[PDB]
Amino acid sequence: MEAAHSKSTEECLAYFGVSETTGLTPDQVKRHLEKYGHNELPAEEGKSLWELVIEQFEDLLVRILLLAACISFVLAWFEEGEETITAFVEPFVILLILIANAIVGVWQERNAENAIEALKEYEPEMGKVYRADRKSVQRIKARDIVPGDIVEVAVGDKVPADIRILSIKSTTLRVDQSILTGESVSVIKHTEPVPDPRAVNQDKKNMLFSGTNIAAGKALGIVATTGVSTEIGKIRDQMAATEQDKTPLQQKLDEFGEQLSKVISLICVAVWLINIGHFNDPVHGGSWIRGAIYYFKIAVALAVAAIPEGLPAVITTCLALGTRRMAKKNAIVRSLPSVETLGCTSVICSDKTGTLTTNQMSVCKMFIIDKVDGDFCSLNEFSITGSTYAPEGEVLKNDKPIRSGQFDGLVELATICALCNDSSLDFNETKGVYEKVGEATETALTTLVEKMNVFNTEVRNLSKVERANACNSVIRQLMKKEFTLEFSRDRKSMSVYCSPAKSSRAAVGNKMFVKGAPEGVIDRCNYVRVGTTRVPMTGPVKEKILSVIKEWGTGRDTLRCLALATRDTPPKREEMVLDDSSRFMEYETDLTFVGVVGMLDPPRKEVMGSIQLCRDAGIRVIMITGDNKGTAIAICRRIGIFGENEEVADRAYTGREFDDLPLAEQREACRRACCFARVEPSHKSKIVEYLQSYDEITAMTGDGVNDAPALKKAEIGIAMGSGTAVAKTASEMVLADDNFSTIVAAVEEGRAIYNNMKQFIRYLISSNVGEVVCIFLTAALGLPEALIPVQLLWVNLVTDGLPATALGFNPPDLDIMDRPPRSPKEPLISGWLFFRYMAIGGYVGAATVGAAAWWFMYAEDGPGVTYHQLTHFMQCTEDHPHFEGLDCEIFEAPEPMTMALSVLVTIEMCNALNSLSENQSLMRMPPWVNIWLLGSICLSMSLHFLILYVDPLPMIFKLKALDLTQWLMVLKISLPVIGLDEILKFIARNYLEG
Ligand code: NA
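Here the residues of each chain are numbered from 1 in the order the sequence is written, which can differ from the numbering of the entry; residues without coordinates are not included. Neither water nor hydrogens contribute to the side-chain values; these are computed over all heavy atoms in the structure.

Caption draft 1: Layout of the side chain of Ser8. Under the scheme used here, helices are H or I runs from DSSP no shorter than 4 residues and strands are E runs no shorter than 2 residues, and both carry numbers assigned from the N terminus. You can see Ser8 is positioned in the segment before α1 (9–16). Polar side-chain contacts of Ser8 include one of 2.6 Å to the backbone nitrogen of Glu11. With residues up to four places along the chain from it excluded, the contact list for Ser8 reads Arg164 and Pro193. Here a polar contact is recorded for every N or O atom pair within 3.5 Å, except that within protein the pair must consist of a potential hydrogen donor and a potential acceptor, and residues adjacent in sequence are included only if both atoms are side-chain atoms. By the convention used here, residues are in contact when the closest approach between their heavy atoms is within 4.5 Å.

Listed below in structure tokens is the structure:
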């Protein structure tokens with residue numbers, strides 16, 4: 001039964017065939033449980049460790065590597081020798097990286113925590129129900145409650161289900177519906193039915209929501225809905241039904257996996273199509289098996305030299321590093337893949353109160369009527385200084401400090417601001433500053449009366465903690481607070497019934513002090529007060545009031561106006577039903593307008609600036625606020641979202657206006673809007689969908705499970721640090737300070753970080769190019785392998801990893817924020833860039849094989865056989881080219897490999913310097929620009945040597961220390977890699993910039 005709030009308490013009992021005095025019967029319980037199921041949100045997929053481990057092998061590149069370990073394993077088995085201490089190293093090393101890879105992946109999952117499982121935090125274990133099979137109340141597990149159950153809740157209880165309140169046993173019932181919104185301000189529930197069947201939760205004043213808490217009172221009610229049919233349950237379904245796509249980088253990286261694979265295969269087929277000459281060879285003779293071991297040997301190397309094995313670690317270390325860096329700037333990112341996303345943010349939808357504004361209220365002005373006399377009318381406008389909650393400030397008329405007590409209208413004005421208020425003050429000695437107790441807008445009033453002191457009461461004597469509520473405590477003693485009629489959006493005001501203090505046997509003298517939004521309150525006034533006198537409200541004097549109100553809340557003041565009035569002749573205390581809020585507007589009528597107070601909720605000092613950075617960065621800003629349309633726009637012009645004098649007729653909507661627009665038109669309104677005022681529950685989410693249909697990377701703020709759906713949908717869900725824990729777990733980032741600027745600062749941090757990733761990404765991949773050139777080269781030239789898997793891996797994970805990581809510290813461009821949001825579609829490498837790395841590739845691959853050949857030829861230590869070409873044979877089954885000589889295993893000399901490897905390592909350290917800037921020369925941007933890079937190179941070289949002398953290692957890799965001549969050769973063949981790219985960059989700068 002979903003519409004319970006709109007039905008009568010009787011209808012809800014009838015509907016379920018249950019008696020309030022006895023409850024459900026064991027039969028009914030059985031059937032109700034059978035039909036609606038247990039009261040609890042469904043479980044999450046029990047992702048088993050085993051399945052989780054298997055997932056660590058879903059990727060295509062890992063399969064290849066796994067496959068490669070397989071061929072490696074067999075090769076290191078179907079081989080004939082004795083060196084079993086350096087034969088299985090390769091296969092075992094591959095398997096071992098896949099293990100750490102799988103091990104790491106599973107570590108994440110165990111620590112990761114989704115928002116749906118966060119919602120189960122709000123469901124209580126037990127509930128208290130009344131069921132026929134017993135007399136007294138009985139407590140059962142909340143999962144056993146069912147729709148129709150008669151339940152019982154009391155102060156402190158966590159509501160077990162969505163409940164239609166039948167009877168309030170205590171004086172009044174109060175609920176903390178905080179988890180839905182965040183504003184712990186308890187609200188008063190009733191039992192009368194709410195008419196509108198489509199009323200949003202905030203107005204279902206006769207309902208209790210599963211997950212909320214009783215702040216005060218005791219109540220009996222009937223269960224309307226349970227499980228996923230409750231409010232939070234329907235919020236759990238929206239979230240679950242929401243799939244968050246892969247980040248631009250993740251998609252672009254996954255696409256790379258496909259191509260890289262399609263290349264690794266084509267290069268293998270390519271190595272085949274080249275030796276097709278073997279078909280034309282006599283079947284007899286030649287070790288066929290030695291022909292297959294040859295291919296599979298290169299297949300392994302080919303694949304291992306194609307995969308950027310260390311890319312994942314480098315990306316992570318960079319993202320992890322940047323994140324701590326963002327956290328120092330108040331941005332707490334929960335998702336590493338988000339850091340990249342944040343950079344492409346094209347639209348930021350932010351709540352105003354507390355994020356764009358400080359949510360530190362303060363009354364700045366107030367006006368009462370000076371005099372009425374026919375068509376002539378004059379008001380008395382005042383100003384108040386001080387903007388803290390502290391009672392320090394002053395009132396001034398035309399800047400001249402006046403004294404409140406000298407004006408009667410201000411005496412009463414103050415009486416209303418004090419008596420018609422549920423908030424107070426308190427001096428926090430610990431912090432040394434006065435803090436608010438209750439609501440912001442109301443404490444602003446408690447503070448106001450203190451600076452006003454309409455009774456010139458001696459307060460300067462009083463301490464500090466005592467000074468807090470001095471003038472208030474005074475006004476209170478003057479009036480007894482019989483009771484108070486709560487605020488409700490229908491009427492938009494609240495009142496308090498007060499009687500005099502010094503009264504024994506009297507039946508006259510009572511008063512009602514009304515407070516609320518101007519339009520409604522003023523429309524119910526037939527009287528305007530002029531000091532102590534009272535005169536009728538007339539057409540003109542009403543314009544003046546409304547006129548000013550409009551000037552204060554719409555003008556450069558952007559003030560929230562509150563009208564204050566009192567009902568002189570309030571209906572008799574007995575003729576009033578304090579049970580039907582529906583009767584409150586009636587009870588608050590035929591009032592007398594006293595005055596108005598305009599309060600300000602100030603823009604964070606850093607917002608004005610931050611909004612400009614966005615404009616520079618092509619990032620749109622949409623303010624979502626609760627202010628009426630007029631003041632919403634006013635505040636927009638004030639912070640820079642709107643031009644002070646520009647048209648916005650079609651860029652600011654109220655939830656109402658928006659709803660009326662037909663689907664097609666809303667989608668439109670969202671592409672050009674910057675202001676949404678009085679937004680409905682389903683709007684942040686609908687605003688996010690529309691924004692995505694235009695491919696906008698969207699950021700959306702929020703808190704409370706209310707916003708969790710929108711948070712989850714938006715690409716960058718942003719939660720307040722002070723927000724609920726569900727809003728947090730449902731978001732990409734959390735604002736430690738709740739400040740809008742923290743968002744912008746983080747978006748700029750994401751642009752810096754993504755630029756630096758493009759660098760180490762291209763660096764590493766480009767490096768794999770030279771490797772596949774080397775391997776493919778050595779093959780299509782029948783040369784002795786220049787480099788081997790065990791080695792290639794060390795370079796891709798260690799040698800190249802250190803530089804790649806240091807590249808993330810590359811200093812950011814000054815124009816980082818003066819350029820528009822990066823397009824999600826923008827490819828990493830393309831066009832000229834491809835040619836560049838393709839060339840840089842060729843050279844690196846050529847240079848490695850050549851460094852090997854140089855030793856095998858124009859070198860001493862090795863055969864001086866120039867143009868001898870080992871291409872010819874490698875079986876030595878004839879030993880023709882070397883008649884006189886019993887030697888053929890020099891083809892495996894450790895020197896040639898060592899020459900090529902030192903070339904790779906040294907060339908790549910030089911390429912780490914060519915990566916300091918995409919197109920700027922080393923002349924313009926020096927190497928020392930990034931000190932971390934230098935350090936990394938020294939470290940990587942020290943490691944290279946490390947494997948060259950520490951015995952266990954030089955054998956594992958099959959290397960031998962180089963001669964100063966040989967090393968001096970590596971430098972000669974490496975160093976030129978710089979001029980090469982320097983030449984390529986030059987071309988890019990001078991013949992492409994258009
Ligand atoms: Na999200």
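Caption draft 2: A look at a nonpolar patch on the surface. Residues enter patches when they are more than 30% accessible in relative terms and free of salt bridges; like-charged ones are connected within 9 Å and nonpolar ones (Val, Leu, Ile, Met, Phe, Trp, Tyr) within 5 Å. In short, Shrake-Rupley with a 1.4 Å probe defines the accessible areas, and a residue's cover is counted only from the protein chains shown. When a carboxyl oxygen of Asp or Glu lies within 4 Å of a side-chain nitrogen of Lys or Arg, that pair is called a salt bridge. Among the surface-exposed residues, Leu266, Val269, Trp272, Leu273, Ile276 and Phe279 lie close enough to one another that they form a single nonpolar patch of about 590 Å² accessible area. Assignment of secondary structure puts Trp272 in helix α9 (residues 248–274). A simple rule labels every residue: compare its accessible area, found with a 1.4 Å probe on the protein chains alone, to the largest value its type can have, and call it buried under 20%, exposed over 50%, or partly exposed in between. When its relative accessible area of 43% is taken as the criterion, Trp272 is described as partly exposed.

Caption draft 3: Region of interest: the packing of α9 against helix α10 (residues 288–306). Contact geometry for α9 and α10: axes closest at 10 Å, N-to-C directions at 150°. Here α9 lies roughly antiparallel to α10, going by the angle between them. Where α9 crosses over α10, the handedness of that crossing is right-handed. Where α9 abuts α10, its residues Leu260, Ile264, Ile267, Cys268, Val271 and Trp272 lie against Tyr295, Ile298, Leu302, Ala303 and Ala306. Only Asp, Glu, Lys and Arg are considered charged in this grouping, and only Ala, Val, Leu, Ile, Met, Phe, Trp, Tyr, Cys and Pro are considered nonpolar; every other residue, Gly among them, is considered polar. Looking at the contact of α9 with α10, its residues break down into 11 nonpolar, no polar and no charged. Between the N-to-C directions of two axes lies an angle of 0 to 180 degrees, each axis being a line fitted to C-alpha atoms and, for a helix, fitted only over the stretch in contact. Relative orientations are named as follows: roughly parallel for angles under 35 degrees, roughly antiparallel for angles over 145 degrees, roughly perpendicular for angles from 65 to 115 degrees, and oblique for any other angle. When the near helix sits turned anticlockwise from the far one by under a right angle, the crossing is termed left-handed; a clockwise turn instead gives a right-handed crossing.

Caption draft 4: Layout of the sheet that holds strand β3 (residues 150–154). Strand pairing is defined by DSSP finding a minimum of two bridges between the two strands. Read from one edge to the other, the open sheet built from six strands follows the order β2-β1-β3-β9-β4-β7, with strand pairing classed as antiparallel. On the outer flanks of this sheet lie β2 (138–141) and β7 (207–208), each paired with one strand and no other.

Caption draft 5: Inspection of the coordination of the sodium ion at higher detail. Surrounding the sodium ion are the protein donor atoms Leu711 (O), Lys712 (O), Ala714 (O) and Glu732 (OE), which sit 1.7 to 3.1 Å from the metal. Water is not part of the atom set, so a site may look incomplete; the donors themselves are N, O and S atoms within 2.8 Å of the metal, or 3.2 Å for Na, K and Ca. All donor residues of the sodium ion come from one chain, and their arrangement in sequence is L-K-x1-A-x17-E. A residue pair is termed long-range when its members are at least 10 positions apart, and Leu711 in helix α24 (residues 704–713) and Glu732 in the loop between α25 (725–729) and β30 (733–735) qualify at 21 residues. Note on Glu732: relative accessible area 9%, which makes it buried.

Caption draft 6: Structural context of the nonpolar core. Residues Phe740 and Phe760 are the most contacted members of the largest nonpolar core, which totals 65 residues. No other element matches helix α26 (residues 740–780), which puts 13 residues into this core. Domain assignment of the residues forming this core places at least three in each of domain 2 (55–112 + 241–345 + 746–994) and domain 3 (346–358 + 603–745). Contacts of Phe760, omitting those with residues within four sequence positions, involve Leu311, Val314, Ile315, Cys318, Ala804, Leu807 and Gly808. For our purposes a nonpolar core is just a set of buried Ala, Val, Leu, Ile, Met, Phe, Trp, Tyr and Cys residues, chained together by side-chain atoms within 4.5 Å. Formed by 61 residues, the second largest nonpolar core is a distinct cluster that contains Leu302, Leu792, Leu901 and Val905. Domain segmentation is taken from an automatic or database assignment of domains.

Caption draft 7: Up close: helix α8 (residues 231–240). Of the residues making up α8, those classed as buried are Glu231, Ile232, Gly233, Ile235, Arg236 and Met239. Its buried side turned inward, α8 meets α6 (116–119), β4 (162–168), α7 (178–181) and α24. Its side-chain oxygen at 3.0 Å from the backbone nitrogen of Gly233, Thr230 defines the N-terminal cap of α8.

Caption draft 8: The arrangement of the UniProt feature "binding site: Mg(2+)" (unreviewed entry) in the protein in detail. UniProt positions are given in the numbering used here, feature names are shortened, and annotations may be inferred rather than shown by experiment. UniProt records the feature "binding site: Mg(2+)" (unreviewed entry) for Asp703 and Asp707 in the present numbering. With respect to the helices and strands, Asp703 occurs in the loop between β28 (698–702) and α24. In this structure, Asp707 is in contact with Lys684 and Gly702, ignoring residues within four places of it in sequence.

Caption draft 9: Representation of the state of the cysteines in the model. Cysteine sulfur atoms that pair up within 2.5 Å are treated as a disulfide. Applying the stated criterion across every chain, the model contains one disulfide. Each sulfur of the disulfide joining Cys876 and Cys888 lies 2.0 Å from the other. In this structure, the disulfide formed by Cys876 and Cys888 twists by about 90° around the S-S bond and is classed as right-handed. Taken together, the residues span a long stretch of sequence, with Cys876 in the loop between α29 (832–856) and α30 (894–913) and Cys888 in the loop between α29 and α30 at a distance of 12 residues. A residue is classified by how much of its surface remains accessible, and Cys876, at 23% relative accessible area, is partly exposed. Given a relative accessible area of 28%, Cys888 falls into the partly exposed group. Unpaired in terms of disulfides, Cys344 finds its nearest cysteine sulfur in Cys318, a separation of 14 Å. A disulfide-free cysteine, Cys670 has its sulfur positioned 8.2 Å from the sulfur of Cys349, the nearest such atom.

Caption draft 10: Quick peek at the domain arrangement of the protein. By domain assignment, the protein separates into domain 1 (12–54 + 113–240), domain 2 (55–112 + 241–345 + 746–994), domain 3 (346–358 + 603–745) and domain 4 (359–602). The C-alpha centroid of domain 4 is placed 33 Å from the C-alpha centroid of domain 3. The interface of domain 3 with domain 4 comprises 13 residues on the first partner and 12 residues on the second. Put simply, buried area is the surface a 1.4 Å probe can reach on two separate parts but cannot reach once they are joined, added for both. Summed over both sides, the interface of domain 3 with domain 4 buries roughly 950 Å², with 48% coming from carbon and sulfur. On the surface where domain 3 and domain 4 come into contact, there are one salt bridge. A salt bridge links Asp601 to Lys352; its shortest N-O distance comes to 3.5 Å.

Caption draft 11: Quick look at the sheet that holds strand β6 (residues 187–189). Read from one edge of the open sheet, three strands run β6-β5-β8, paired in antiparallel fashion. Two strands in the sheet have a free side with no partner beyond their single neighbour: β6 and β8 (213–216). In this sheet, neighbouring strand axes are inclined to one another by 45° on average, regardless of whether the strands run parallel or antiparallel. Pairing between strand β5 (residues 173–176) and β6: three bridges, direction antiparallel. Residue pairing in the sheet places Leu173 in a bridge with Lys189 of β6.

Caption draft 12: Representation of the pattern of salt bridges. Overall, the coordinates contain 51 salt bridges when judged by the stated rule. Across the pair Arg672 and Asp650 runs a salt bridge whose closest N-O atoms are separated by 3.7 Å. Of this pair, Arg672 sits in helix α22 (residues 663–672) while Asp650 is found in the loop between α20 (629–639) and β26 (652–654), placing the two residues 22 residues apart along the sequence. Residues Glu689 and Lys713 are paired through a salt bridge, measuring 3.0 Å at the closest nitrogen-oxygen approach. Of the two residues, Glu689 sits in helix α23 (residues 683–692) while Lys713 sits in helix α24, which places them 24 residues apart along the sequence. Owing to a relative accessible area of 43%, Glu689 belongs among the partly exposed residues under this scheme.

Caption draft 13: Highlighting the packing of aromatic side chains. Side-chain rings of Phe, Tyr and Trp, where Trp is taken by its six-membered ring, are said to pair if the distance between their centres is within 6.5 Å; with planes under 30 degrees apart they count as stacked, over 60 as edge-to-face, and otherwise as tilted. Considering all chains together, one arrives at 23 aromatic pairs under this definition. Relative to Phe593, the ring of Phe367 lies with its centre 6.2 Å away and its plane at 45°, an arrangement referred to as tilted. One end of the pair, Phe367, is in strand β12 (residues 362–373); the other, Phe593, is in strand β24 (residues 591–600), and 226 residues separate them in sequence. We note that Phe367, like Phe593, is buried. Residues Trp832 and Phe835 carry aromatic rings whose centres are separated by 5.3 Å and whose planes lie at 40° to one another, so their mutual orientation is tilted. Taken together, the residues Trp832 and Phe835, both in helix α29 and three residues apart, mark about one turn of the helix. Assessed through its relative accessible area of 25%, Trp832 is described here as partly exposed. A relative accessible area of 45% places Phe835 in the partly exposed class. Within the aromatic cluster, the residues linked to one another by ring pairs are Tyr653, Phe658, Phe676 and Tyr690. A ring is considered to have a charge above it if a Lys NZ or an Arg CZ atom is located within 6 Å of its centre and within 35 degrees of its normal. When the ring centre of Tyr527 is taken as reference, the NZ or CZ atom of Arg534 above it lies at 3.6 Å. It is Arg822 that lies over the ring of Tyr754; its NZ or CZ is 4.0 Å from the centre.

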